[PDB]
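S.K.: This is the structure I want to talk about, given as structure tokens.
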Amino acid sequence: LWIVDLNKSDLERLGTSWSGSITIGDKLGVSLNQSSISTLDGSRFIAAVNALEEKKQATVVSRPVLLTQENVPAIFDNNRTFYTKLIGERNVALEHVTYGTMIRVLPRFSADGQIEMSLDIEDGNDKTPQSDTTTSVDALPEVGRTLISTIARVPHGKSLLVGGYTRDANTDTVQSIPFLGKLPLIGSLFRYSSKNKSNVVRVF
Amino acid sequence: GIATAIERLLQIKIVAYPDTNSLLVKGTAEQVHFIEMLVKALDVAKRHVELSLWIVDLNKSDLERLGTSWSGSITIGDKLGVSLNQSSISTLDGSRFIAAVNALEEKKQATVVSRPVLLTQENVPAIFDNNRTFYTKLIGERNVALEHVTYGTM
Amino acid sequence: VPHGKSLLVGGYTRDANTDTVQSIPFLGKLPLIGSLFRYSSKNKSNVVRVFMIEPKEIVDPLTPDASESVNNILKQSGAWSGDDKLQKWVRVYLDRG
Amino acid sequence: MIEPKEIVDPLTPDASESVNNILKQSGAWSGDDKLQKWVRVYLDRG
Amino acid sequence: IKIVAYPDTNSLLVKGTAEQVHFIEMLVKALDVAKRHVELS
Amino acid sequence: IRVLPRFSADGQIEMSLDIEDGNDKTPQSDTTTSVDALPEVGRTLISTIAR
Amino acid sequence: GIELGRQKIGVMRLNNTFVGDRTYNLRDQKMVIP
């Protein structure tokens, strides 16, 4: 089984963002771009500045190999198991989450020497949230799984594409201050833009 | 499968034998021959079908905000006070007037194209499921359990 | 669906636009002053989502063979390590049998 | 409001043609990637 | 008459006398017709 | 949308129609009711038949 | 003809109505029309 996973991305962020507040003469105050005046009243104006270019590339190739015989169901399972306690007051127990690479297959030769296979394929992994949060501690190991269930006939020594998934995406934003953003060599301090392109290819 | 289908139809004794991908038919010579022909009629080759799903999602937006908003309050001479545009006087009595000012133009564009691909055969139900699962605890006092939410492309 | 053709199964579109105007009854009308009292907003959006199906009959084996294409990928991407003096003692059993 | 009609013809132009036009104009297209094309070719041309 | 479905080949298995089978055959032919598509907006 | 289409003698199309248009109505976001599981739901339901 | 001896089967397509029951909900309850 050949599993190929390619990733490509391109992130661009450049510009500023203005918001905040000010108390003036203890008689009135000003809020900029819906700042949270309840606390901003005693604060100041913030000029956020972003400036980052990011390129990223990744490739992964995985290859499970399994030997069996004609008409003999064979199982290959490379996995991990997460355990957790359910100690309640009456009922108590342990439970778990299992995920990984799994292949169930039933091979069979045909009249022409062709090989038909019943195929069940799982490609599971551990998706995670921001590691800086408490959700990285609490039993929340988000699991990602790709499941395929089909039947295919393949010529001896040849191969077929069972399935896959691709994704292409692109987005962009522009923000600015209605009049200041148009100033010759000044507006750059008020304008903001971003770009985010990505490409994903997965096949079995 | 075919073993079940034929069994139900006739009910001749027929027993499946997976090890050699074959059927065991017991009966008279004529009965066996009869079933033999039936099997030959059904035992035919299948073609393959490739399925492609195109999912296209386009987004466009345009936001413009410009101007001010006045509200708040003031204590005057410790004898009376003024509230502007229904301010929350219970606390605003000891505060001031606020001039909110908005000034933002925003343009946004996005596109996403997703393409699931699945290979199967004639009359064979095929499944493709790319998903994620969220787990949570339900540890009560009597009954305890884990539950989850699964979603994705199927 | 006809062989090699496609159909639109379904979809969803949405178009929307809204706007507001707020002002101070008399101050908002002042020549170069009312701008400090007036307020306006605009919000336009457009959304398009569709699902299309395309099917075809497969009769030939994948060409070129999967293992050939994979090798090209690994080498160009720099992940290939088939020449490793150690790992090759095992990898040979998979790559050539 | 409800509007219904009978469908007899296949989608014209074919979905894959229109998608390519979208990806290219939107800048998302990457069919010329020197790496990914080794796989994408199996989907785009078989 | 005994009739059993056989999904694998999208077909029916009809067991009976020659006349009974023929009878059912015709019934099937009468019902097995093509459908048009409807788009709803 | 749940629908069952059917052609008539004159080429007319009759449809059994079930339609739901639901959305999320909200209270003042400055209150605690914006946190507690109170997502007020608005729904428009239509169930009829038309040619 | 769809005939077998003294018996036969007639196929009758309805043109101005629907074969089957109509089901709908009234908030908390389900109604069925035969």
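Identifiers in the structure tokens: chain A, B, ... in order shown; residue index from 1 per chain; ligand index from 1 in order shown.
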Residues of chain E classed as strand (DSSP E or B) by DSSP on the backbone are to be reported as number ranges by chain.
M.R.: E: 2-6, 11-15, 37-40
S.K.: Just asking: which residues within chain D are alpha helix (DSSP H) according to DSSP, as JSON, numbers by chain?
M.R.: {"D": [15, 16, 17, 18, 19, 20, 21, 22, 23, 24, 25, 26, 37, 38, 39, 40, 41, 42, 43, 44]}
S.K.: I'd like to know which of A:57, A:134, A:36, A:71 is closest to chain D, using only C-alpha atoms.
M.R.: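 Under the stated criterion, the closest residue is A:57.
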S.K.: Using only C-alpha atoms, what table do you get, as a Markdown table, when you list each residue of chain D with an atom no more than 7 Å from chain E, its nearest pair of atoms, and their distance in Å rounded to one decimal, rows by chain then rising number?
M.R.:
```
| residue | atom | partner | partner_atom | distance |
| --- | --- | --- | --- | --- |
| D:2 | CA | E:41 | CA | 6.0 |
| D:3 | CA | E:41 | CA | 5.2 |
| D:4 | CA | E:40 | CA | 4.8 |
| D:5 | CA | E:39 | CA | 5.4 |
| D:6 | CA | E:38 | CA | 4.8 |
| D:7 | CA | E:37 | CA | 5.1 |
| D:8 | CA | E:37 | CA | 6.9 |
```
S.K.: Using only C-alpha atoms, what table do you get, as CSV, when you list each residue of chain D with an atom no more than 8 Å from chain A, its nearest pair of atoms, and their distance in Å rounded to one decimal, rows by chain then rising number?
M.R.:
```
residue,atom,partner,partner_atom,distance
D:23,CA,A:168,CA,7.9
D:26,CA,A:170,CA,7.2
D:27,CA,A:170,CA,6.9
D:28,CA,A:170,CA,5.3
D:29,CA,A:168,CA,7.0
D:30,CA,A:199,CA,7.4
D:36,CA,A:6,CA,7.0
D:39,CA,A:201,CA,7.9
D:40,CA,A:201,CA,7.7
```
S.K.: Restricted to N, CA and C atoms, what would the selected residues look like written as a PDB file, in the first residue's frame?
M.R.:
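Printed below is out07.pdb as written:
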```
ATOM      1  N   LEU D  23      -9.338  28.116 -10.662  1.00  0.00           N
ATOM      2  CA  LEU D  23      -8.098  27.994  -9.923  1.00  0.00           C
ATOM      3  C   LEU D  23      -7.006  28.871 -10.481  1.00  0.00           C
ATOM      4  N   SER D  26      -7.936  32.642  -9.824  1.00  0.00           N
ATOM      5  CA  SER D  26      -7.865  32.920  -8.402  1.00  0.00           C
ATOM      6  C   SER D  26      -6.469  32.736  -7.808  1.00  0.00           C
ATOM      7  N   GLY D  27      -5.512  32.239  -8.601  1.00  0.00           N
ATOM      8  CA  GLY D  27      -4.141  32.071  -8.140  1.00  0.00           C
ATOM      9  C   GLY D  27      -3.888  30.842  -7.264  1.00  0.00           C
ATOM     10  N   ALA D  28      -4.850  29.924  -7.174  1.00  0.00           N
ATOM     11  CA  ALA D  28      -4.692  28.749  -6.322  1.00  0.00           C
ATOM     12  C   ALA D  28      -4.070  27.586  -7.080  1.00  0.00           C
ATOM     13  N   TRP D  29      -4.257  27.584  -8.396  1.00  0.00           N
ATOM     14  CA  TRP D  29      -3.746  26.539  -9.272  1.00  0.00           C
ATOM     15  C   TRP D  29      -2.275  26.270  -9.076  1.00  0.00           C
ATOM     16  N   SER D  30      -1.937  24.990  -8.986  1.00  0.00           N
ATOM     17  CA  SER D  30      -0.558  24.572  -8.820  1.00  0.00           C
ATOM     18  C   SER D  30      -0.277  23.309  -9.606  1.00  0.00           C
ATOM     19  N   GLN D  36       4.396  17.917  -7.080  1.00  0.00           N
ATOM     20  CA  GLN D  36       3.046  17.394  -6.980  1.00  0.00           C
ATOM     21  C   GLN D  36       2.504  16.809  -8.268  1.00  0.00           C
ATOM     22  N   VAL D  39       1.844  13.047  -8.989  1.00  0.00           N
ATOM     23  CA  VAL D  39       0.648  12.406  -8.512  1.00  0.00           C
ATOM     24  C   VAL D  39      -0.563  12.981  -9.196  1.00  0.00           C
ATOM     25  N   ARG D  40      -0.629  14.312  -9.264  1.00  0.00           N
ATOM     26  CA  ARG D  40      -1.778  14.993  -9.845  1.00  0.00           C
ATOM     27  C   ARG D  40      -2.107  14.514 -11.248  1.00  0.00           C
TER      28      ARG D  40
END
```
